[PDB]
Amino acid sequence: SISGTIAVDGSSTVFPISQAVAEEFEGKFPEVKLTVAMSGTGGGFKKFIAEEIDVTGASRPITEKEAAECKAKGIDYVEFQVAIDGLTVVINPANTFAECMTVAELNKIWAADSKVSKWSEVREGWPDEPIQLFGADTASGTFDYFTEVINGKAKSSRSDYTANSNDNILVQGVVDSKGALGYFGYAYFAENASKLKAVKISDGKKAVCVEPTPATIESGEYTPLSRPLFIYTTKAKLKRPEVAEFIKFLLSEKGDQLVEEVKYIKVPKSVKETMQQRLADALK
């Protein structure tokens, strides 16, 4: 006998996990109603701190300031790492000059105020040829992630590019244009790897020309375009068995399968073990 309402909010990037787990969970437990909102990571934490929701999805860890606001209110948050989100920047395989690019160069191309139209304008000496841009639809999770880490918190980009919700169409776009530059989730690169070239990414810090692979994503070397995703709730909310049951399913092998189903990367076994043990502690 499991029942009640669970209010979930948070990141556009955690939304697909929360919605998918909800749809599955609701079937398995018909007396549970899940409402899933998408206020953003910060927006979700704001409602979390205001105690207006039960669970919040975050595309980054809770901040020191958010954590302090939580503690001040007696809120005992529990953090669960639930997936890894990786994005690939791709070029046409015939492109041999842009094999490694910097975040700064990607920003030069994609920024809200960028008028860049030619490769020669990105880096000295590159061909005087048009860059044909492909990317995610506005305000999709992929868009939100790419723009956040490439352009900044303003979470915007130029709008003059070929945008599509269907990543298979973006793949074909890159295949068909020698001068293409595109971005989309790693899963769509991986399954088309023989037809696409993934750009190696430098971040000006510790990441120098890092190729996106399962190894570099799992080790955290591929930054900023891969990152862990989180679900937060509180110790008090976990006393409600429907909330506890929701987290349990999320961390289970079935949860991992759903994570992959929505095209994310499931967490390493060491992460899974830790999160399960963490849930067990929170229930005491």
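So that there is no doubt, residue numbering starts at 1 and follows the sequence shown.
Participant: I need to verify one thing: averaged over C-alpha atoms only, is the B-factor higher for 33 to 41 or for 218 to 226?
Facilitator: According to the PDB entry, the answer is 33 to 41.
Participant: Going by the B-factors listed in the PDB entry, is the mean over the C-alpha atoms higher for 73 to 81 or for 119 to 127?
Facilitator: Comparing 73 to 81 with 119 to 127, the higher average CA B-factor belongs to 73 to 81.
Participant: Hey, what third does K200 fall into on Cα B-factor, ranked over its chain?
Facilitator: It falls in the bottom third of the chain.
Participant: Quick check on the deposited entry: does the C-alpha B-factor of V267 sit in the lowest, middle or highest third of its chain?
Facilitator: According to the entry, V267 has a C-alpha B-factor in the chain's middle third.
Participant: When the modelled residues of the chain are sorted by Cα temperature factor, does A154 land in the lowest, middle or highest third?
Facilitator: For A154, the deposited C-alpha B-factor lands in the highest third.
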